[PDB]
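K.L.:
Dropping the structure in here first, questions after.
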Amino acid sequence: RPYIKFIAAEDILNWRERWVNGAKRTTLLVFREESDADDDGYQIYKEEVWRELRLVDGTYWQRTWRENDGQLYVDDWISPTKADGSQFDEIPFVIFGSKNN
Amino acid sequence: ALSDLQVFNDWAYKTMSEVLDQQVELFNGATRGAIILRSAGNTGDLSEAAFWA
Amino acid sequence: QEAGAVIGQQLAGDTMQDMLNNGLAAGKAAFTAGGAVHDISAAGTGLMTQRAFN
Amino acid sequence: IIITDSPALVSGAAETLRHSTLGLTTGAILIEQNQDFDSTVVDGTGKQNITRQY
Amino acid sequence: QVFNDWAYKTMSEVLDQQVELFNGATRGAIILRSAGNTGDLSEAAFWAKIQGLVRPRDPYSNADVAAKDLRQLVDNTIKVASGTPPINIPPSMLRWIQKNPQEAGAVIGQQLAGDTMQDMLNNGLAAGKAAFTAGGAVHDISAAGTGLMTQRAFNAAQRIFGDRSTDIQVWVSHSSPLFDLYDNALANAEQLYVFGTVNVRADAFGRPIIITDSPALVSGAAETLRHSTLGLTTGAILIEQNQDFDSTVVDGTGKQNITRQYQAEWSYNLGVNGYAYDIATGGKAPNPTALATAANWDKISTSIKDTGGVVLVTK
Amino acid sequence: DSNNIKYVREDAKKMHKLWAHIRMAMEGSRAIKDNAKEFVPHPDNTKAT
Amino acid sequence: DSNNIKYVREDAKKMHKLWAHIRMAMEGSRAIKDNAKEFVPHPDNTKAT
């Protein structure tokens, strides 16, 4: 199943606008994902998850950053694909606002 | 010989900071409620509430 | 930005650390003030035992 | 039994270190974080390099 | 994004030296790529040329057998740190004749872009001159005739650079040598000029002359005044920023005024083709005098033809 | 102040104060007159002593 | 560089103060009073010391 998330305006951390063949493209996009880890002990801490979305040569890639004990973990790049395939040419993320998207 | 080459020692900034020493994850449910951690604000330095003896 | 982040996470740890420490110290002091003190070193060798709990 | 290496529970050294253990009840110790957090970053000029403080 | 854009009245004198001398304007001789890098150095290693790779042989006599070994050279790229002095933005006092003093931030920004361009160009030119002096590729013309020749001076520099002289395609110079060249062109002792072609900026070999008034190419005064023009190969001088510009504005309210102070830092890497910076002899963070000082630059490439650049000195 | 710096801010311990205030406001004049102090500060603490 | 995952764009960081102001106005009055020193200037800072 696919899911549609809502990202708070404070949770968008980074973005880029590089023109490929003169086309306004969002290449980099990093947002903070917040969650309480399903564990046994009472975690008074907030578990913070950083999602990195990138666009290379017209292909959508993403990976997840997770921290623990001050460590930082990096997951392998995964290129999600449509039902037929062909991966993507743009990042599936929109930043809606009062002026324009 | 290996002396002729220029040996480069690998390095990396893993930026992996230390946190602390003792464990402080014992609040509310963790202590069955013995130690309670709230997030309430108060005025002055004292917050007293009387009750009947 | 990264100096601020490092200070933030170390501060997140240390704030809980000193908050709990002060809480425990205040609890011990209040219990000493209230007379609910029981020492076990005066009864033989002083080491923790189930009898001390009782 | 909750384990904690808090310096509020040791109070001594050598042959006079006196470990203190607490038997608590529900809501025995209350801690409220007054959410009055204030953090400033201040910077200075007139040097070879900019100096910041936190 | 700027709070105030620059108006007609705010025609702050931008600069007095042409500083568009990068890549296409200089045919790639001085590049200004952008690549951030850590530390105070960025060195790379490449295999050296074996001297006696091919040797004479005597098949009839076994005799002895020689032994040969292959080494590794080390390219280098020093990092030069620069900054801006603390700037006293007027505290709303420069107002009787000026429209407003709050546009100090914008005027500083624009003049600072211009001045960082000139600073990078000057440091690159001074480092190139010092390195080429260290490499033994300097031609001096101060005792021969007036001091500058029309094209016979350039031919000496290409003579020094050697059989591979063809790859030098750019001359950078002060304006005074160019005006002397025009004077001798407008006064053709050897009748090889016509009025239509007396304004040529080339050097009779297809190498254009690019003119800038950087103080790194002029020194002394009167009889001690020497102009240094240096011919560059393709990508001879490398200037790389680290895209780490910093700024701050501090109101030191206590010291008799709020005293808006403006600070800035930025660092760039500088490296000359075929040469390395002697950090042990120099410093971790060299100053423009340290860059311009010979024996702080060490030649790496064995052949002078591989080292890119030659300095021509005329009075 | 930097919200990207870690902070835990979700539990009813956050909201008991205003929930209780809402409850006594819903109760009526009895509770409000009863718990007067947090709503009506003393005109002067020196007199209050 | 150096994989600074927690980096925040400068314009968003600049707008964070106004975002916090708007969110605190959305919060109610307790957030404003708990942060009143940055909204209501002291009538005299000499006393505030």
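Residues in the structure tokens are numbered from 1 in each chain, the chains being A, B, ... in the order shown, and ligands are numbered from 1 in the order shown.
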Hand me chain F as it sits after a least-squares fit onto chain G over every Cα, paired in order, written as a compact mmCIF listing (two decimals) with N, CA and C atoms, in the first residue's frame.
P.N.:
# COMPACT_ATOMS: atom_id res chain seq x y z
N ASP F 1 30.43 29.12 6.07
CA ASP F 1 29.79 30.01 5.11
C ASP F 1 29.72 29.36 3.73
N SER F 2 30.74 28.58 3.39
CA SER F 2 30.77 27.86 2.12
C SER F 2 29.74 26.74 2.18
N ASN F 3 28.61 26.93 1.49
CA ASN F 3 27.53 25.95 1.54
C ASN F 3 27.92 24.61 0.93
N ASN F 4 28.98 24.57 0.11
CA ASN F 4 29.45 23.29 -0.40
C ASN F 4 30.05 22.44 0.71
N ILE F 5 30.55 23.08 1.77
CA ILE F 5 30.97 22.34 2.95
C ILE F 5 29.75 21.72 3.62
N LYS F 6 29.91 20.49 4.10
CA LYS F 6 28.79 19.71 4.60
C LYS F 6 28.06 20.44 5.72
N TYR F 7 26.73 20.40 5.67
CA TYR F 7 25.87 20.89 6.74
C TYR F 7 24.52 20.20 6.62
N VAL F 8 23.94 19.84 7.76
CA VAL F 8 22.62 19.22 7.82
C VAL F 8 21.63 20.26 8.33
N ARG F 9 20.61 20.56 7.52
CA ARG F 9 19.70 21.65 7.85
C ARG F 9 18.24 21.35 7.50
N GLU F 10 17.74 20.15 7.82
CA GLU F 10 16.31 19.89 7.61
C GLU F 10 15.81 18.99 8.75
N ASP F 11 15.00 19.60 9.63
CA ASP F 11 14.25 18.92 10.68
C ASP F 11 13.39 19.96 11.38
N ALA F 12 12.27 19.50 11.95
CA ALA F 12 11.35 20.41 12.61
C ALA F 12 11.99 21.09 13.82
N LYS F 13 13.11 20.53 14.31
CA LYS F 13 13.87 21.15 15.39
C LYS F 13 14.36 22.53 14.98
N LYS F 14 14.54 22.73 13.67
CA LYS F 14 14.89 24.02 13.11
C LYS F 14 13.78 25.04 13.33
N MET F 15 12.53 24.60 13.20
CA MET F 15 11.41 25.51 13.01
C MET F 15 10.45 25.58 14.19
N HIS F 16 10.66 24.79 15.25
CA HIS F 16 9.75 24.86 16.40
C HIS F 16 9.60 26.28 16.94
N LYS F 17 10.69 27.05 16.99
CA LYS F 17 10.60 28.38 17.59
C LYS F 17 9.58 29.25 16.86
N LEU F 18 9.72 29.38 15.54
CA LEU F 18 8.81 30.24 14.81
C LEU F 18 7.42 29.63 14.72
N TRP F 19 7.33 28.29 14.69
CA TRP F 19 6.01 27.67 14.70
C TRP F 19 5.26 27.99 15.99
N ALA F 20 5.96 27.92 17.12
CA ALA F 20 5.34 28.26 18.40
C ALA F 20 4.96 29.73 18.44
N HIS F 21 5.82 30.61 17.91
CA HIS F 21 5.48 32.03 17.87
C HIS F 21 4.23 32.27 17.04
N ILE F 22 4.12 31.60 15.89
CA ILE F 22 2.92 31.70 15.07
C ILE F 22 1.71 31.21 15.85
N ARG F 23 1.86 30.10 16.57
CA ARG F 23 0.73 29.55 17.32
C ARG F 23 0.25 30.51 18.40
N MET F 24 1.17 31.14 19.14
CA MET F 24 0.72 32.05 20.19
C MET F 24 0.20 33.36 19.60
N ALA F 25 0.71 33.78 18.44
CA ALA F 25 0.12 34.93 17.76
C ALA F 25 -1.31 34.62 17.31
N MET F 26 -1.54 33.39 16.84
CA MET F 26 -2.89 32.99 16.45
C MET F 26 -3.80 32.88 17.67
N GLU F 27 -3.23 32.50 18.82
CA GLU F 27 -4.03 32.35 20.03
C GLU F 27 -4.67 33.67 20.44
N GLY F 28 -3.92 34.76 20.36
CA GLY F 28 -4.48 36.06 20.68
C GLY F 28 -3.68 36.81 21.73
N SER F 29 -4.34 37.74 22.43
CA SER F 29 -3.65 38.57 23.40
C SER F 29 -3.28 37.80 24.66
N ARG F 30 -4.00 36.72 24.99
CA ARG F 30 -3.72 36.00 26.22
C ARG F 30 -2.31 35.42 26.21
N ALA F 31 -1.95 34.69 25.16
CA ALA F 31 -0.63 34.09 25.09
C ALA F 31 0.47 35.14 24.99
N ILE F 32 0.24 36.19 24.20
CA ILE F 32 1.28 37.20 24.00
C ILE F 32 1.55 37.97 25.29
N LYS F 33 0.49 38.46 25.94
CA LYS F 33 0.66 39.09 27.25
C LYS F 33 1.25 38.11 28.25
N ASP F 34 0.95 36.82 28.10
CA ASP F 34 1.43 35.83 29.05
C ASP F 34 2.93 35.61 28.89
N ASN F 35 3.39 35.39 27.66
CA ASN F 35 4.81 35.18 27.36
C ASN F 35 5.45 36.48 26.88
N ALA F 36 5.39 37.50 27.74
CA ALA F 36 5.78 38.84 27.32
C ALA F 36 7.28 38.96 27.08
N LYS F 37 8.09 38.17 27.80
CA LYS F 37 9.52 38.47 27.89
C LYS F 37 10.24 38.37 26.56
N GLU F 38 9.97 37.34 25.75
CA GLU F 38 10.75 37.17 24.53
C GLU F 38 10.37 38.21 23.48
N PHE F 39 9.17 38.79 23.60
CA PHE F 39 8.74 39.84 22.68
C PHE F 39 9.11 41.23 23.15
N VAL F 40 9.03 41.50 24.44
CA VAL F 40 9.31 42.82 25.00
C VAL F 40 10.49 42.69 25.96
N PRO F 41 11.70 43.03 25.51
CA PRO F 41 12.84 43.04 26.42
C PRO F 41 12.66 44.08 27.52
N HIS F 42 13.26 43.81 28.67
CA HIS F 42 13.11 44.71 29.80
C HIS F 42 13.71 46.07 29.46
N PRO F 43 13.11 47.16 29.94
CA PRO F 43 13.70 48.49 29.70
C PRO F 43 15.11 48.62 30.22
N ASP F 44 15.44 47.97 31.34
CA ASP F 44 16.81 47.94 31.84
C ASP F 44 16.97 46.71 32.72
N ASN F 45 18.05 45.96 32.48
CA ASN F 45 18.30 44.76 33.28
C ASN F 45 18.71 45.10 34.70
N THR F 46 19.41 46.22 34.89
CA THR F 46 19.79 46.64 36.23
C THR F 46 18.56 46.88 37.10
N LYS F 47 17.56 47.57 36.56
CA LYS F 47 16.28 47.67 37.25
C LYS F 47 15.64 46.29 37.39
N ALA F 48 15.73 45.47 36.35
CA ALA F 48 15.05 44.17 36.35
C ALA F 48 15.55 43.28 37.48
N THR F 49 16.79 43.49 37.92
CA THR F 49 17.32 42.69 39.03
C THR F 49 16.52 42.92 40.31
K.L.:
Identify, on the basis of only C-alpha atoms, every residue whose closest approach to residue 9 of chain C does not exceed 8 Å; exclude the query and any residue fewer than 3 positions from it along the same chain; express the result as a list in words.
P.N.:
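Once the adjacent positions are removed, what remains is residues 70 of chain A; 19 of chain B; 5, 6, 12 and 13 of chain C; 5 and 6 of chain F.
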K.L.:
Near chain C, meaning an atom within 10 Å, which residues of chain A appear when counting only C-alpha atoms? Write them as a PyMOL selection string.
P.N.:
chain A and resi 44-45+69-70
K.L.:
Can those selected residues be exported to a file as a tab-separated table (two decimals), in the first residue's frame so that it contains C-alpha atoms?
P.N.:
chain	number	residue	atom	x	y	z
A	44	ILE	CA	11.63	9.45	27.71
A	45	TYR	CA	13.63	10.51	24.64
A	69	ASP	CA	23.77	6.70	21.50
A	70	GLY	CA	25.10	9.62	19.44
K.L.:
Atom CA of residue 46 of chain B and atom CA of residue 27 of chain D are how many Å apart?
P.N.:
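Those two atoms sit 18.8 Å apart.
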K.L.:
Taking only C-alpha atoms into account, produce a table as a tab-separated table in which each residue of chain A with an atom at most 10 Å from an atom of chain G appears once, together with its shortest atom pair and the distance in Å to one decimal, ordered by chain and rising number.
P.N.:
residue	atom	partner	partner_atom	distance
A:9	CA	G:19	CA	8.5
A:10	CA	G:16	CA	7.5
A:11	CA	G:8	CA	9.8
A:12	CA	G:8	CA	8.3
A:13	CA	G:8	CA	4.7
A:14	CA	G:9	CA	5.6
A:15	CA	G:9	CA	7.8
A:16	CA	G:9	CA	9.7
A:30	CA	G:5	CA	7.9
A:31	CA	G:6	CA	9.2
A:32	CA	G:6	CA	8.7
A:50	CA	G:5	CA	7.5
A:51	CA	G:5	CA	9.1
A:52	CA	G:5	CA	8.2
A:65	CA	G:5	CA	7.8
A:72	CA	G:5	CA	9.5
K.L.:
To test your reading of the structure, identify every residue in chain A that backbone DSSP assigns to strand (DSSP E), and report it as an MDAnalysis selection string.
P.N.:
chainID A and resid 12:19 24:35 47:56 59:68 71:74
K.L.:
Please identify all polymer residues within 6 Å of residue 172 of chain E, counting only C-alpha atoms, omitting same-chain residues fewer than 2 positions from it, and present them as a PDB file with C-alpha atoms, in the first residue's frame.
P.N.:
ATOM      1  CA  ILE E 209      47.684  39.944 -24.260  1.00  0.00           C
ATOM      2  CA  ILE E 210      45.340  40.360 -21.286  1.00  0.00           C
ATOM      3  CA  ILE E 211      45.787  43.592 -19.343  1.00  0.00           C
ATOM      4  CA  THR E 229      54.436  39.919 -17.486  1.00  0.00           C
ATOM      5  CA  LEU E 230      54.030  36.154 -17.194  1.00  0.00           C
TER       6      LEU E 230
END
K.L.:
Taking the chain letters and numbering used in this document, name the residues of chain G that DSSP puts in alpha helix (DSSP H), as a ChimeraX atom specification.
P.N.:
/G:10-27,30-34,45-48
K.L.:
What are the residues of chain B that have an atom within 12 Å of an atom of chain A, counting only C-alpha atoms, as a PDB file with N, CA, C and O atoms, in the first residue's frame?
P.N.:
ATOM      1  N   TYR B  13      35.854  11.764   9.394  1.00  0.00           N
ATOM      2  CA  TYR B  13      35.155  12.502  10.441  1.00  0.00           C
ATOM      3  C   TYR B  13      33.812  11.811  10.646  1.00  0.00           C
ATOM      4  O   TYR B  13      32.809  12.199  10.044  1.00  0.00           O
ATOM      5  N   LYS B  14      33.788  10.791  11.501  1.00  0.00           N
ATOM      6  CA  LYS B  14      32.542  10.085  11.758  1.00  0.00           C
ATOM      7  C   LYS B  14      31.582  10.896  12.617  1.00  0.00           C
ATOM      8  O   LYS B  14      30.439  10.464  12.803  1.00  0.00           O
ATOM      9  N   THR B  15      32.035  12.041  13.138  1.00  0.00           N
ATOM     10  CA  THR B  15      31.230  12.987  13.924  1.00  0.00           C
ATOM     11  C   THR B  15      30.270  12.273  14.873  1.00  0.00           C
ATOM     12  O   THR B  15      29.053  12.470  14.861  1.00  0.00           O
ATOM     13  N   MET B  16      30.848  11.446  15.740  1.00  0.00           N
ATOM     14  CA  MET B  16      30.063  10.495  16.513  1.00  0.00           C
ATOM     15  C   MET B  16      30.271  10.812  17.992  1.00  0.00           C
ATOM     16  O   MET B  16      31.071  10.186  18.683  1.00  0.00           O
ATOM     17  N   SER B  17      29.519  11.790  18.487  1.00  0.00           N
ATOM     18  CA  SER B  17      29.817  12.369  19.793  1.00  0.00           C
ATOM     19  C   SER B  17      29.396  11.454  20.938  1.00  0.00           C
ATOM     20  O   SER B  17      28.514  10.605  20.789  1.00  0.00           O
ATOM     21  N   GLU B  18      30.041  11.641  22.088  1.00  0.00           N
ATOM     22  CA  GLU B  18      29.648  10.946  23.306  1.00  0.00           C
ATOM     23  C   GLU B  18      28.426  11.614  23.924  1.00  0.00           C
ATOM     24  O   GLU B  18      28.165  12.797  23.694  1.00  0.00           O
ATOM     25  N   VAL B  19      27.665  10.848  24.705  1.00  0.00           N
ATOM     26  CA  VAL B  19      26.428  11.376  25.274  1.00  0.00           C
ATOM     27  C   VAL B  19      26.538  11.594  26.782  1.00  0.00           C
ATOM     28  O   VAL B  19      26.463  12.735  27.250  1.00  0.00           O
ATOM     29  N   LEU B  20      26.734  10.525  27.552  1.00  0.00           N
ATOM     30  CA  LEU B  20      26.843  10.627  29.004  1.00  0.00           C
ATOM     31  C   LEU B  20      27.261   9.269  29.557  1.00  0.00           C
ATOM     32  O   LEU B  20      27.536   8.326  28.809  1.00  0.00           O
ATOM     33  N   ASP B  21      27.301   9.178  30.884  1.00  0.00           N
ATOM     34  CA  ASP B  21      27.790   7.999  31.588  1.00  0.00           C
ATOM     35  C   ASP B  21      26.696   7.158  32.226  1.00  0.00           C
ATOM     36  O   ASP B  21      26.596   5.965  31.934  1.00  0.00           O
ATOM     37  N   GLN B  23      22.668   5.997  33.362  1.00  0.00           N
ATOM     38  CA  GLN B  23      21.364   5.880  32.654  1.00  0.00           C
ATOM     39  C   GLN B  23      20.312   6.682  33.426  1.00  0.00           C
ATOM     40  O   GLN B  23      20.204   6.482  34.651  1.00  0.00           O
ATOM     41  N   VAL B  24      19.579   7.559  32.735  1.00  0.00           N
ATOM     42  CA  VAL B  24      18.575   8.429  33.418  1.00  0.00           C
ATOM     43  C   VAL B  24      17.182   8.142  32.845  1.00  0.00           C
ATOM     44  O   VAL B  24      16.277   8.968  33.064  1.00  0.00           O
ATOM     45  N   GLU B  25      17.020   7.012  32.151  1.00  0.00           N
ATOM     46  CA  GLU B  25      15.709   6.659  31.544  1.00  0.00           C
ATOM     47  C   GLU B  25      14.824   5.987  32.599  1.00  0.00           C
ATOM     48  O   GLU B  25      14.388   4.844  32.360  1.00  0.00           O
ATOM     49  N   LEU B  26      14.571   6.672  33.719  1.00  0.00           N
ATOM     50  CA  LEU B  26      13.690   6.117  34.782  1.00  0.00           C
ATOM     51  C   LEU B  26      12.710   7.204  35.242  1.00  0.00           C
ATOM     52  O   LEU B  26      12.939   7.795  36.316  1.00  0.00           O
ATOM     53  N   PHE B  27      11.662   7.453  34.451  1.00  0.00           N
ATOM     54  CA  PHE B  27      10.657   8.491  34.802  1.00  0.00           C
ATOM     55  C   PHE B  27       9.248   7.958  34.526  1.00  0.00           C
ATOM     56  O   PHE B  27       9.090   7.146  33.594  1.00  0.00           O
ATOM     57  N   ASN B  28       8.263   8.398  35.316  1.00  0.00           N
ATOM     58  CA  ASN B  28       6.849   7.994  35.083  1.00  0.00           C
ATOM     59  C   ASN B  28       6.744   6.466  35.048  1.00  0.00           C
ATOM     60  O   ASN B  28       7.136   5.826  36.043  1.00  0.00           O
ATOM     61  N   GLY B  29       6.247   5.908  33.939  1.00  0.00           N
ATOM     62  CA  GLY B  29       6.046   4.449  33.839  1.00  0.00           C
ATOM     63  C   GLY B  29       7.309   3.667  34.152  1.00  0.00           C
ATOM     64  O   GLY B  29       7.193   2.586  34.762  1.00  0.00           O
ATOM     65  N   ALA B  30       8.475   4.189  33.759  1.00  0.00           N
ATOM     66  CA  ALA B  30       9.754   3.480  33.989  1.00  0.00           C
ATOM     67  C   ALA B  30       9.916   3.186  35.485  1.00  0.00           C
ATOM     68  O   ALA B  30      10.462   2.117  35.821  1.00  0.00           O
ATOM     69  N   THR B  31       9.458   4.102  36.343  1.00  0.00           N
ATOM     70  CA  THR B  31       9.556   3.905  37.815  1.00  0.00           C
ATOM     71  C   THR B  31       8.185   3.519  38.378  1.00  0.00           C
ATOM     72  O   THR B  31       7.940   3.821  39.560  1.00  0.00           O
ATOM     73  N   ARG B  32       7.332   2.882  37.566  1.00  0.00           N
ATOM     74  CA  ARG B  32       5.955   2.544  38.016  1.00  0.00           C
ATOM     75  C   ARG B  32       5.279   3.817  38.527  1.00  0.00           C
ATOM     76  O   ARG B  32       4.193   3.703  39.129  1.00  0.00           O
ATOM     77  N   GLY B  33       5.898   4.979  38.301  1.00  0.00           N
ATOM     78  CA  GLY B  33       5.350   6.213  38.818  1.00  0.00           C
ATOM     79  C   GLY B  33       6.017   6.747  40.063  1.00  0.00           C
ATOM     80  O   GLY B  33       5.554   7.758  40.605  1.00  0.00           O
ATOM     81  N   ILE B  36       8.209  11.198  38.923  1.00  0.00           N
ATOM     82  CA  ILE B  36       7.250  11.751  37.920  1.00  0.00           C
ATOM     83  C   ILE B  36       7.896  12.923  37.176  1.00  0.00           C
ATOM     84  O   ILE B  36       8.355  13.864  37.851  1.00  0.00           O
ATOM     85  N   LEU B  37       7.934  12.862  35.841  1.00  0.00           N
ATOM     86  CA  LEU B  37       8.461  13.971  35.056  1.00  0.00           C
ATOM     87  C   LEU B  37       7.303  14.612  34.303  1.00  0.00           C
ATOM     88  O   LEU B  37       6.723  13.997  33.401  1.00  0.00           O
ATOM     89  N   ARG B  38       6.966  15.840  34.677  1.00  0.00           N
ATOM     90  CA  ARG B  38       5.945  16.622  34.005  1.00  0.00           C
ATOM     91  C   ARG B  38       6.607  17.666  33.111  1.00  0.00           C
ATOM     92  O   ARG B  38       7.828  17.711  32.958  1.00  0.00           O
TER      93      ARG B  38
END
K.L.:
What is the atom CA of residue 33 of chain D-atom CA of residue 11 of chain D distance in Å, reported with one decimal?
P.N.:
26.5 Å
K.L.:
To one decimal place, how far is atom CA of residue 26 of chain D from atom CA of residue 52 of chain C in Å?
P.N.:
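Between atom CA of residue 26 of chain D and atom CA of residue 52 of chain C the gap is 21.2 Å.
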K.L.:
Tell me which protein, DNA and RNA residues are within 8 Å of segment 176-186 of chain E, counting only C-alpha atoms, leaving out same-chain ones fewer than 6 positions away, and put them as a VMD selection string.
P.N.:
chain E and resid 148 to 150 193 195 198 to 199 211 227 314
K.L.:
Within 10 Å of residue 42 of chain B, counting only C-alpha atoms, which residues show up once you throw out same-chain ones fewer than 5 positions away? Write them as a PyMOL selection string, please.
P.N.:
(chain B and resi 47) or (chain D and resi 32-36) or (chain G and resi 34)
K.L.:
Write the residues you've just listed into a file as a PDB file, in the first residue's frame, and include C-alpha atoms for each of them.
P.N.:
ATOM      1  CA  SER B  47       4.319  26.513  44.283  1.00  0.00           C
TER       2      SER B  47
ATOM      3  CA  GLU D  32       8.320  19.492  36.483  1.00  0.00           C
ATOM      4  CA  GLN D  33      10.256  20.982  33.576  1.00  0.00           C
ATOM      5  CA  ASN D  34       9.107  24.606  33.512  1.00  0.00           C
ATOM      6  CA  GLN D  35       9.721  24.916  29.725  1.00  0.00           C
ATOM      7  CA  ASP D  36      11.403  28.308  30.233  1.00  0.00           C
TER       8      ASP D  36
ATOM      9  CA  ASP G  34       5.890  32.037  29.471  1.00  0.00           C
TER      10      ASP G  34
END
K.L.:
Near segment 40-50 of chain C, counting only C-alpha atoms, which residues have an atom at most 10 Å away, once you skip same-chain residues fewer than 4 positions from it, shown as an NGL selection string?
P.N.:
(:C and (54)) or (:D and (18-19 or 21))
